[PDB]
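Peer 1: Would you mind keeping the following structure in view while I ask a few things?
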Amino acid sequence: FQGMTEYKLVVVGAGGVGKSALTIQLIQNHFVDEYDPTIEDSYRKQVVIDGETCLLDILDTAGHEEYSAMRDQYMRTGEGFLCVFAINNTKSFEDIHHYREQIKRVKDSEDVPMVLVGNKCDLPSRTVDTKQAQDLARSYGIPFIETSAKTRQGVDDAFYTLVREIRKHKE
Ligand SMILES: Nc1nc2c(ncn2[C@@H]2O[C@H](COP(=O)(O)OP(=O)(O)NP(=O)(O)O)[C@@H](O)[C@H]2O)c(=O)[nH]1
Ligand SMILES: [Mg+2]
């Protein structure tokens, strides 16, 4: 034993869905109201999950990005992925298929640890129903979690659930 177990997590999804707001809530317990588009940013946090001390390396990605050899190179470092859409943006939900295919391509595998995240659950303008998201997640064999980066609903659960999926795959 040389130190804690390390887990490399990557947050993906369409522009504006709340990838950065979810990550900053986890790290800083702060809600970011401004929309500052991301290119690529990295964060770290030590936490305890199921009685195991873990070091989380979190990579926050761009939601507006053409094909990039450089995008593939950082995505291939990930061990697990949060696939994020916004519950008031039907196009972001339809884009989940594209993110899943991109991940399978870069990892060259059919069985990659992933969690489906439906964010902005605090807003009144829901267009994607809970049952539709749950059916999509069941079709992939992965968990679904509803979140709000503003209220903090589900934020810790999303990241911890992804770590649990990585552990099941390793073992
Ligand atoms: N009401 C509410 N607003 C949110 C929520 N999560 C994010 N937002 C808002 O949505 C906007 C975009 O959030 P942001 O985290 O920057 O999205 P992103 O997915 O990182 N965008 P990009 O891909 O361009 O980096 C911000 O104005 C933010 O305050 C939420 O759960 N509820
Ligand atoms: Mg961002």
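Following the order of the structure tokens, first chain is A, next is B, and so on, with residues numbered from 1 inside each chain and ligands from 1 in the order they appear.
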As a PDB file with N, CA and C atoms, in the first residue's frame, please: every protein or nucleic acid residue near ligand 1 (cut-off 10 Å, counting only C-alpha atoms and all ligand atoms).

Peer 2:
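Okay, this is what ended up in result-v4.pdb:
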```
ATOM      1  N   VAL A  11     -15.904  14.462 -17.503  1.00  0.00           N
ATOM      2  CA  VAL A  11     -17.282  14.957 -17.583  1.00  0.00           C
ATOM      3  C   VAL A  11     -17.507  15.447 -19.012  1.00  0.00           C
ATOM      4  N   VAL A  12     -18.468  14.832 -19.710  1.00  0.00           N
ATOM      5  CA  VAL A  12     -18.799  15.141 -21.139  1.00  0.00           C
ATOM      6  C   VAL A  12     -20.255  15.464 -21.332  1.00  0.00           C
ATOM      7  N   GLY A  13     -20.561  16.126 -22.421  1.00  0.00           N
ATOM      8  CA  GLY A  13     -21.915  16.527 -22.787  1.00  0.00           C
ATOM      9  C   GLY A  13     -21.985  17.850 -23.539  1.00  0.00           C
ATOM     10  N   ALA A  14     -23.167  18.187 -24.067  1.00  0.00           N
ATOM     11  CA  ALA A  14     -23.346  19.362 -24.942  1.00  0.00           C
ATOM     12  C   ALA A  14     -23.039  20.686 -24.233  1.00  0.00           C
ATOM     13  N   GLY A  15     -22.789  21.728 -25.049  1.00  0.00           N
ATOM     14  CA  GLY A  15     -22.616  23.071 -24.498  1.00  0.00           C
ATOM     15  C   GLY A  15     -23.704  23.596 -23.631  1.00  0.00           C
ATOM     16  N   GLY A  16     -23.345  24.117 -22.448  1.00  0.00           N
ATOM     17  CA  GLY A  16     -24.318  24.766 -21.556  1.00  0.00           C
ATOM     18  C   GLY A  16     -25.107  23.872 -20.602  1.00  0.00           C
ATOM     19  N   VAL A  17     -24.888  22.541 -20.606  1.00  0.00           N
ATOM     20  CA  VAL A  17     -25.722  21.609 -19.809  1.00  0.00           C
ATOM     21  C   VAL A  17     -25.414  21.672 -18.316  1.00  0.00           C
ATOM     22  N   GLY A  18     -24.270  22.240 -17.946  1.00  0.00           N
ATOM     23  CA  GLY A  18     -23.812  22.338 -16.549  1.00  0.00           C
ATOM     24  C   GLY A  18     -22.692  21.508 -16.079  1.00  0.00           C
ATOM     25  N   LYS A  19     -21.825  21.034 -17.004  1.00  0.00           N
ATOM     26  CA  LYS A  19     -20.623  20.239 -16.632  1.00  0.00           C
ATOM     27  C   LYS A  19     -19.711  20.947 -15.636  1.00  0.00           C
ATOM     28  N   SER A  20     -19.372  22.210 -15.912  1.00  0.00           N
ATOM     29  CA  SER A  20     -18.534  23.006 -15.010  1.00  0.00           C
ATOM     30  C   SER A  20     -19.218  23.319 -13.679  1.00  0.00           C
ATOM     31  N   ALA A  21     -20.486  23.710 -13.735  1.00  0.00           N
ATOM     32  CA  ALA A  21     -21.248  24.018 -12.501  1.00  0.00           C
ATOM     33  C   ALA A  21     -21.303  22.776 -11.580  1.00  0.00           C
ATOM     34  N   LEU A  22     -21.489  21.578 -12.155  1.00  0.00           N
ATOM     35  CA  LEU A  22     -21.490  20.350 -11.333  1.00  0.00           C
ATOM     36  C   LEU A  22     -20.121  20.101 -10.662  1.00  0.00           C
ATOM     37  N   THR A  23     -19.039  20.280 -11.435  1.00  0.00           N
ATOM     38  CA  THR A  23     -17.682  20.050 -10.926  1.00  0.00           C
ATOM     39  C   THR A  23     -17.294  21.070  -9.830  1.00  0.00           C
ATOM     40  N   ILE A  24     -17.604  22.338 -10.057  1.00  0.00           N
ATOM     41  CA  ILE A  24     -17.280  23.422  -9.088  1.00  0.00           C
ATOM     42  C   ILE A  24     -18.113  23.255  -7.791  1.00  0.00           C
ATOM     43  N   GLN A  25     -19.371  22.799  -7.919  1.00  0.00           N
ATOM     44  CA  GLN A  25     -20.151  22.442  -6.706  1.00  0.00           C
ATOM     45  C   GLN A  25     -19.472  21.338  -5.933  1.00  0.00           C
ATOM     46  N   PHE A  31     -22.004  27.546  -6.281  1.00  0.00           N
ATOM     47  CA  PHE A  31     -22.778  27.601  -7.544  1.00  0.00           C
ATOM     48  C   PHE A  31     -22.297  28.735  -8.411  1.00  0.00           C
ATOM     49  N   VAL A  32     -21.872  28.391  -9.623  1.00  0.00           N
ATOM     50  CA  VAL A  32     -21.459  29.410 -10.623  1.00  0.00           C
ATOM     51  C   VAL A  32     -22.655  29.822 -11.494  1.00  0.00           C
ATOM     52  N   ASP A  33     -23.102  31.068 -11.364  1.00  0.00           N
ATOM     53  CA  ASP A  33     -24.208  31.605 -12.155  1.00  0.00           C
ATOM     54  C   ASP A  33     -23.836  32.033 -13.570  1.00  0.00           C
ATOM     55  N   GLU A  34     -22.591  32.467 -13.736  1.00  0.00           N
ATOM     56  CA  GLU A  34     -22.093  32.923 -15.065  1.00  0.00           C
ATOM     57  C   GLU A  34     -21.868  31.699 -15.974  1.00  0.00           C
ATOM     58  N   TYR A  35     -21.912  31.917 -17.272  1.00  0.00           N
ATOM     59  CA  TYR A  35     -21.672  30.872 -18.297  1.00  0.00           C
ATOM     60  C   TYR A  35     -20.329  31.274 -18.989  1.00  0.00           C
ATOM     61  N   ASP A  36     -19.227  30.670 -18.547  1.00  0.00           N
ATOM     62  CA  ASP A  36     -17.896  30.833 -19.166  1.00  0.00           C
ATOM     63  C   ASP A  36     -17.494  29.517 -19.852  1.00  0.00           C
ATOM     64  N   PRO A  37     -17.578  29.474 -21.205  1.00  0.00           N
ATOM     65  CA  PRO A  37     -17.320  28.230 -21.925  1.00  0.00           C
ATOM     66  C   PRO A  37     -15.956  27.620 -21.643  1.00  0.00           C
ATOM     67  N   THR A  38     -15.899  26.311 -21.470  1.00  0.00           N
ATOM     68  CA  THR A  38     -14.671  25.593 -21.116  1.00  0.00           C
ATOM     69  C   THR A  38     -13.954  25.066 -22.403  1.00  0.00           C
ATOM     70  N   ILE A  39     -12.636  25.036 -22.380  1.00  0.00           N
ATOM     71  CA  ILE A  39     -11.827  24.317 -23.380  1.00  0.00           C
ATOM     72  C   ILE A  39     -11.383  23.030 -22.785  1.00  0.00           C
ATOM     73  N   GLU A  40     -10.588  23.082 -21.689  1.00  0.00           N
ATOM     74  CA  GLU A  40     -10.202  21.876 -20.957  1.00  0.00           C
ATOM     75  C   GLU A  40      -9.639  22.277 -19.573  1.00  0.00           C
ATOM     76  N   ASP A  41     -10.239  21.786 -18.451  1.00  0.00           N
ATOM     77  CA  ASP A  41      -9.746  22.119 -17.113  1.00  0.00           C
ATOM     78  C   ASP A  41      -9.708  20.898 -16.212  1.00  0.00           C
ATOM     79  N   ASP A  60     -12.811  18.291 -16.890  1.00  0.00           N
ATOM     80  CA  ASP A  60     -13.976  19.043 -17.346  1.00  0.00           C
ATOM     81  C   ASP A  60     -13.772  19.458 -18.797  1.00  0.00           C
ATOM     82  N   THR A  61     -14.619  19.006 -19.705  1.00  0.00           N
ATOM     83  CA  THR A  61     -14.394  19.144 -21.198  1.00  0.00           C
ATOM     84  C   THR A  61     -15.229  20.227 -21.853  1.00  0.00           C
ATOM     85  N   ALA A  62     -14.951  20.528 -23.117  1.00  0.00           N
ATOM     86  CA  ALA A  62     -15.755  21.441 -23.929  1.00  0.00           C
ATOM     87  C   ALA A  62     -17.033  20.792 -24.495  1.00  0.00           C
ATOM     88  N   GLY A  63     -18.141  21.529 -24.460  1.00  0.00           N
ATOM     89  CA  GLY A  63     -19.313  21.012 -25.099  1.00  0.00           C
ATOM     90  C   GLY A  63     -19.475  21.432 -26.548  1.00  0.00           C
ATOM     91  N   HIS A  64     -18.737  22.444 -27.003  1.00  0.00           N
ATOM     92  CA  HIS A  64     -18.709  22.887 -28.427  1.00  0.00           C
ATOM     93  C   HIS A  64     -17.279  22.635 -28.954  1.00  0.00           C
ATOM     94  N   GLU A  65     -17.073  21.543 -29.704  1.00  0.00           N
ATOM     95  CA  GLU A  65     -15.706  21.148 -30.176  1.00  0.00           C
ATOM     96  C   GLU A  65     -15.775  20.234 -31.427  1.00  0.00           C
ATOM     97  N   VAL A  84     -23.570  13.975 -19.429  1.00  0.00           N
ATOM     98  CA  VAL A  84     -24.485  14.989 -18.873  1.00  0.00           C
ATOM     99  C   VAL A  84     -25.393  15.601 -19.982  1.00  0.00           C
ATOM    100  N   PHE A  85     -26.717  15.658 -19.743  1.00  0.00           N
ATOM    101  CA  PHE A  85     -27.644  16.470 -20.516  1.00  0.00           C
ATOM    102  C   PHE A  85     -28.429  17.375 -19.570  1.00  0.00           C
ATOM    103  N   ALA A  86     -29.156  18.356 -20.126  1.00  0.00           N
ATOM    104  CA  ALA A  86     -30.033  19.233 -19.327  1.00  0.00           C
ATOM    105  C   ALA A  86     -31.494  18.833 -19.554  1.00  0.00           C
ATOM    106  N   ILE A  87     -32.270  18.720 -18.464  1.00  0.00           N
ATOM    107  CA  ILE A  87     -33.634  18.215 -18.578  1.00  0.00           C
ATOM    108  C   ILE A  87     -34.598  19.163 -19.348  1.00  0.00           C
ATOM    109  N   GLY A 118     -28.949  13.734 -15.683  1.00  0.00           N
ATOM    110  CA  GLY A 118     -29.941  14.731 -16.131  1.00  0.00           C
ATOM    111  C   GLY A 118     -29.943  15.970 -15.222  1.00  0.00           C
ATOM    112  N   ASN A 119     -29.274  17.018 -15.649  1.00  0.00           N
ATOM    113  CA  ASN A 119     -29.044  18.227 -14.812  1.00  0.00           C
ATOM    114  C   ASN A 119     -30.097  19.343 -15.012  1.00  0.00           C
ATOM    115  N   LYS A 120     -30.080  20.351 -14.129  1.00  0.00           N
ATOM    116  CA  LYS A 120     -31.015  21.487 -14.087  1.00  0.00           C
ATOM    117  C   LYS A 120     -32.440  21.098 -13.664  1.00  0.00           C
ATOM    118  N   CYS A 121     -32.550  20.107 -12.764  1.00  0.00           N
ATOM    119  CA  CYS A 121     -33.857  19.652 -12.329  1.00  0.00           C
ATOM    120  C   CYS A 121     -34.704  20.672 -11.545  1.00  0.00           C
ATOM    121  N   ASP A 122     -34.085  21.779 -11.150  1.00  0.00           N
ATOM    122  CA  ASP A 122     -34.745  22.892 -10.487  1.00  0.00           C
ATOM    123  C   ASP A 122     -35.581  23.776 -11.383  1.00  0.00           C
ATOM    124  N   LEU A 123     -35.362  23.718 -12.698  1.00  0.00           N
ATOM    125  CA  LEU A 123     -36.042  24.605 -13.634  1.00  0.00           C
ATOM    126  C   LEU A 123     -37.454  24.121 -13.947  1.00  0.00           C
ATOM    127  N   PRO A 124     -38.354  25.061 -14.238  1.00  0.00           N
ATOM    128  CA  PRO A 124     -39.744  24.654 -14.581  1.00  0.00           C
ATOM    129  C   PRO A 124     -39.967  24.172 -16.011  1.00  0.00           C
ATOM    130  N   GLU A 146     -30.612  12.140 -11.469  1.00  0.00           N
ATOM    131  CA  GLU A 146     -31.078  13.507 -11.728  1.00  0.00           C
ATOM    132  C   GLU A 146     -30.369  14.489 -10.761  1.00  0.00           C
ATOM    133  N   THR A 147     -29.857  15.611 -11.274  1.00  0.00           N
ATOM    134  CA  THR A 147     -29.095  16.574 -10.470  1.00  0.00           C
ATOM    135  C   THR A 147     -29.572  18.007 -10.640  1.00  0.00           C
ATOM    136  N   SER A 148     -29.198  18.846  -9.686  1.00  0.00           N
ATOM    137  CA  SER A 148     -29.210  20.314  -9.858  1.00  0.00           C
ATOM    138  C   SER A 148     -27.913  20.894  -9.281  1.00  0.00           C
ATOM    139  N   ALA A 149     -27.078  21.499 -10.115  1.00  0.00           N
ATOM    140  CA  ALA A 149     -25.879  22.156  -9.605  1.00  0.00           C
ATOM    141  C   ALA A 149     -26.206  23.358  -8.711  1.00  0.00           C
ATOM    142  N   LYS A 150     -27.436  23.865  -8.852  1.00  0.00           N
ATOM    143  CA  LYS A 150     -27.901  25.032  -8.033  1.00  0.00           C
ATOM    144  C   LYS A 150     -28.374  24.655  -6.674  1.00  0.00           C
ATOM    145  N   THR A 151     -29.243  23.663  -6.565  1.00  0.00           N
ATOM    146  CA  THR A 151     -29.595  23.192  -5.242  1.00  0.00           C
ATOM    147  C   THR A 151     -28.628  22.199  -4.564  1.00  0.00           C
ATOM    148  N   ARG A 152     -27.708  21.620  -5.353  1.00  0.00           N
ATOM    149  CA  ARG A 152     -26.802  20.545  -4.996  1.00  0.00           C
ATOM    150  C   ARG A 152     -27.414  19.139  -4.954  1.00  0.00           C
ATOM    151  N   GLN A 153     -28.721  19.005  -5.267  1.00  0.00           N
ATOM    152  CA  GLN A 153     -29.298  17.704  -5.451  1.00  0.00           C
ATOM    153  C   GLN A 153     -28.464  16.784  -6.325  1.00  0.00           C
ATOM    154  N   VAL A 155     -25.408  15.856  -6.633  1.00  0.00           N
ATOM    155  CA  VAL A 155     -24.033  16.160  -7.126  1.00  0.00           C
ATOM    156  C   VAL A 155     -22.999  15.160  -6.597  1.00  0.00           C
TER     157      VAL A 155
END
```

Peer 1: Tell me which protein, DNA and RNA residues are within 9 Å of residue A:8, counting only C-alpha atoms, leaving out same-chain ones fewer than 4 positions away, and put them as an NGL selection string.

Peer 2: :A and (55-59 or 77-81)

Peer 1: Okay, now the selection with N, CA, C and O atoms, as a short mmCIF file (atom, residue, chain, number, x, y, z; two decimals), in the first residue's frame?

Peer 2:
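Below is the file that was written, part.cif:
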```
data_model
loop_
_atom_site.label_atom_id
_atom_site.label_comp_id
_atom_site.auth_asym_id
_atom_site.auth_seq_id
_atom_site.Cartn_x
_atom_site.Cartn_y
_atom_site.Cartn_z
N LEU A 55 -8.60 9.30 -4.31
CA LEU A 55 -8.16 10.53 -4.88
C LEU A 55 -8.83 10.63 -6.27
O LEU A 55 -8.54 9.84 -7.11
N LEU A 56 -9.72 11.60 -6.44
CA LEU A 56 -10.43 11.83 -7.71
C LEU A 56 -9.67 12.87 -8.56
O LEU A 56 -9.40 14.02 -8.10
N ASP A 57 -9.30 12.49 -9.81
CA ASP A 57 -8.80 13.41 -10.81
C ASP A 57 -9.98 13.66 -11.78
O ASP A 57 -10.42 12.70 -12.39
N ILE A 58 -10.46 14.88 -11.87
CA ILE A 58 -11.66 15.20 -12.67
C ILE A 58 -11.29 16.10 -13.85
O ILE A 58 -10.75 17.20 -13.64
N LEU A 59 -11.61 15.65 -15.06
CA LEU A 59 -11.38 16.46 -16.31
C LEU A 59 -12.67 16.99 -16.87
O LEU A 59 -13.56 16.21 -17.18
N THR A 77 -7.36 8.98 -21.43
CA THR A 77 -6.86 8.87 -20.04
C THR A 77 -8.01 8.49 -19.02
O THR A 77 -7.76 7.83 -18.08
N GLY A 78 -9.22 8.84 -19.35
CA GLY A 78 -10.35 8.52 -18.47
C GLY A 78 -10.62 7.09 -18.18
O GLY A 78 -10.63 6.30 -19.07
N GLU A 79 -10.92 6.75 -16.92
CA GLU A 79 -11.40 5.43 -16.53
C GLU A 79 -12.92 5.32 -16.45
O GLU A 79 -13.48 4.23 -16.61
N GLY A 80 -13.58 6.44 -16.25
CA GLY A 80 -15.04 6.51 -16.23
C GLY A 80 -15.55 7.87 -16.65
O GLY A 80 -14.84 8.89 -16.54
N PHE A 81 -16.78 7.91 -17.18
CA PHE A 81 -17.34 9.10 -17.77
C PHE A 81 -18.73 9.50 -17.23
O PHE A 81 -19.62 8.63 -17.12
#
```

Peer 1: Find the distance between atom CA of residue A:156 and atom CA of residue A:88 and write it in Å to one decimal.

Peer 2: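 These two atoms are separated by 21.6 Å.
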
Peer 1: Going by DSSP on the backbone, which residues of stretch 46-156 of chain A come out as strand (DSSP E or B)? List them as a VMD selection string.

Peer 2: chain A and resid 46 to 49 52 to 61 80 to 86 114 to 119 144 to 146

Peer 1: Store the residues picked out above, limited to N, CA and C atoms, as a PDB file, in the first residue's frame.

Peer 2:
```
ATOM      1  N   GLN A  46      -9.715  14.621  -2.570  1.00  0.00           N
ATOM      2  CA  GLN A  46      -9.688  13.377  -1.801  1.00  0.00           C
ATOM      3  C   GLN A  46     -11.024  13.182  -1.075  1.00  0.00           C
ATOM      4  N   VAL A  47     -11.640  12.023  -1.188  1.00  0.00           N
ATOM      5  CA  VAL A  47     -12.939  11.741  -0.544  1.00  0.00           C
ATOM      6  C   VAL A  47     -12.954  10.306  -0.025  1.00  0.00           C
ATOM      7  N   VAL A  48     -13.880   9.959   0.847  1.00  0.00           N
ATOM      8  CA  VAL A  48     -14.166   8.618   1.274  1.00  0.00           C
ATOM      9  C   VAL A  48     -15.458   8.098   0.686  1.00  0.00           C
ATOM     10  N   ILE A  49     -15.400   6.977  -0.025  1.00  0.00           N
ATOM     11  CA  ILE A  49     -16.558   6.357  -0.645  1.00  0.00           C
ATOM     12  C   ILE A  49     -16.625   4.908  -0.235  1.00  0.00           C
ATOM     13  N   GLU A  52     -13.591   3.576   1.645  1.00  0.00           N
ATOM     14  CA  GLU A  52     -12.280   3.620   0.965  1.00  0.00           C
ATOM     15  C   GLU A  52     -11.872   5.046   0.685  1.00  0.00           C
ATOM     16  N   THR A  53     -10.664   5.416   1.059  1.00  0.00           N
ATOM     17  CA  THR A  53     -10.112   6.724   0.765  1.00  0.00           C
ATOM     18  C   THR A  53      -9.717   6.768  -0.715  1.00  0.00           C
ATOM     19  N   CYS A  54     -10.192   7.765  -1.453  1.00  0.00           N
ATOM     20  CA  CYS A  54      -9.956   7.908  -2.894  1.00  0.00           C
ATOM     21  C   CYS A  54      -9.447   9.260  -3.297  1.00  0.00           C
ATOM     22  N   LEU A  55      -8.601   9.297  -4.313  1.00  0.00           N
ATOM     23  CA  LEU A  55      -8.160  10.535  -4.884  1.00  0.00           C
ATOM     24  C   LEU A  55      -8.826  10.635  -6.269  1.00  0.00           C
ATOM     25  N   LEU A  56      -9.720  11.598  -6.444  1.00  0.00           N
ATOM     26  CA  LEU A  56     -10.426  11.833  -7.715  1.00  0.00           C
ATOM     27  C   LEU A  56      -9.668  12.868  -8.564  1.00  0.00           C
ATOM     28  N   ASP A  57      -9.303  12.490  -9.807  1.00  0.00           N
ATOM     29  CA  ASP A  57      -8.804  13.407 -10.811  1.00  0.00           C
ATOM     30  C   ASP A  57      -9.984  13.661 -11.783  1.00  0.00           C
ATOM     31  N   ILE A  58     -10.456  14.875 -11.866  1.00  0.00           N
ATOM     32  CA  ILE A  58     -11.660  15.198 -12.670  1.00  0.00           C
ATOM     33  C   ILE A  58     -11.292  16.103 -13.851  1.00  0.00           C
ATOM     34  N   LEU A  59     -11.605  15.650 -15.057  1.00  0.00           N
ATOM     35  CA  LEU A  59     -11.377  16.462 -16.314  1.00  0.00           C
ATOM     36  C   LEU A  59     -12.671  16.993 -16.866  1.00  0.00           C
ATOM     37  N   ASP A  60     -12.811  18.291 -16.890  1.00  0.00           N
ATOM     38  CA  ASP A  60     -13.976  19.043 -17.346  1.00  0.00           C
ATOM     39  C   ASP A  60     -13.772  19.458 -18.797  1.00  0.00           C
ATOM     40  N   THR A  61     -14.619  19.006 -19.705  1.00  0.00           N
ATOM     41  CA  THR A  61     -14.394  19.144 -21.198  1.00  0.00           C
ATOM     42  C   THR A  61     -15.229  20.227 -21.853  1.00  0.00           C
ATOM     43  N   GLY A  80     -13.578   6.441 -16.255  1.00  0.00           N
ATOM     44  CA  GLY A  80     -15.038   6.513 -16.233  1.00  0.00           C
ATOM     45  C   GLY A  80     -15.547   7.867 -16.654  1.00  0.00           C
ATOM     46  N   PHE A  81     -16.784   7.908 -17.180  1.00  0.00           N
ATOM     47  CA  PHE A  81     -17.340   9.097 -17.768  1.00  0.00           C
ATOM     48  C   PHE A  81     -18.725   9.497 -17.228  1.00  0.00           C
ATOM     49  N   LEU A  82     -18.909  10.774 -16.863  1.00  0.00           N
ATOM     50  CA  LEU A  82     -20.277  11.300 -16.620  1.00  0.00           C
ATOM     51  C   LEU A  82     -20.785  11.826 -17.949  1.00  0.00           C
ATOM     52  N   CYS A  83     -21.894  11.291 -18.457  1.00  0.00           N
ATOM     53  CA  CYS A  83     -22.535  11.781 -19.684  1.00  0.00           C
ATOM     54  C   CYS A  83     -23.734  12.676 -19.304  1.00  0.00           C
ATOM     55  N   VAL A  84     -23.570  13.975 -19.429  1.00  0.00           N
ATOM     56  CA  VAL A  84     -24.485  14.989 -18.873  1.00  0.00           C
ATOM     57  C   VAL A  84     -25.393  15.601 -19.982  1.00  0.00           C
ATOM     58  N   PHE A  85     -26.717  15.658 -19.743  1.00  0.00           N
ATOM     59  CA  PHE A  85     -27.644  16.470 -20.516  1.00  0.00           C
ATOM     60  C   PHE A  85     -28.429  17.375 -19.570  1.00  0.00           C
ATOM     61  N   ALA A  86     -29.156  18.356 -20.126  1.00  0.00           N
ATOM     62  CA  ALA A  86     -30.033  19.233 -19.327  1.00  0.00           C
ATOM     63  C   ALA A  86     -31.494  18.833 -19.554  1.00  0.00           C
ATOM     64  N   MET A 114     -19.700   4.297 -17.033  1.00  0.00           N
ATOM     65  CA  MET A 114     -20.430   5.524 -17.332  1.00  0.00           C
ATOM     66  C   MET A 114     -21.669   5.669 -16.478  1.00  0.00           C
ATOM     67  N   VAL A 115     -22.073   6.914 -16.244  1.00  0.00           N
ATOM     68  CA  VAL A 115     -23.317   7.262 -15.534  1.00  0.00           C
ATOM     69  C   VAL A 115     -24.023   8.362 -16.385  1.00  0.00           C
ATOM     70  N   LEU A 116     -25.336   8.213 -16.577  1.00  0.00           N
ATOM     71  CA  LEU A 116     -26.147   9.207 -17.260  1.00  0.00           C
ATOM     72  C   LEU A 116     -26.658  10.215 -16.258  1.00  0.00           C
ATOM     73  N   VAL A 117     -26.404  11.504 -16.518  1.00  0.00           N
ATOM     74  CA  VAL A 117     -26.775  12.603 -15.596  1.00  0.00           C
ATOM     75  C   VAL A 117     -27.749  13.593 -16.262  1.00  0.00           C
ATOM     76  N   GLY A 118     -28.949  13.734 -15.683  1.00  0.00           N
ATOM     77  CA  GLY A 118     -29.941  14.731 -16.131  1.00  0.00           C
ATOM     78  C   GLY A 118     -29.943  15.970 -15.222  1.00  0.00           C
ATOM     79  N   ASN A 119     -29.274  17.018 -15.649  1.00  0.00           N
ATOM     80  CA  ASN A 119     -29.044  18.227 -14.812  1.00  0.00           C
ATOM     81  C   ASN A 119     -30.097  19.343 -15.012  1.00  0.00           C
ATOM     82  N   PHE A 144     -28.760   6.000 -13.923  1.00  0.00           N
ATOM     83  CA  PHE A 144     -29.260   7.355 -14.213  1.00  0.00           C
ATOM     84  C   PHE A 144     -29.393   8.106 -12.884  1.00  0.00           C
ATOM     85  N   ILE A 145     -28.923   9.347 -12.858  1.00  0.00           N
ATOM     86  CA  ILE A 145     -29.080  10.231 -11.678  1.00  0.00           C
ATOM     87  C   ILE A 145     -29.545  11.615 -12.109  1.00  0.00           C
ATOM     88  N   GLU A 146     -30.612  12.140 -11.469  1.00  0.00           N
ATOM     89  CA  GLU A 146     -31.078  13.507 -11.728  1.00  0.00           C
ATOM     90  C   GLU A 146     -30.369  14.489 -10.761  1.00  0.00           C
TER      91      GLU A 146
END
```

Peer 1: Which of these residues is nearest to residue A:128, using only C-alpha atoms: A:159, A:99, A:164, A:90?

Peer 2: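 Of all the options, A:90 lies closest to residue A:128.
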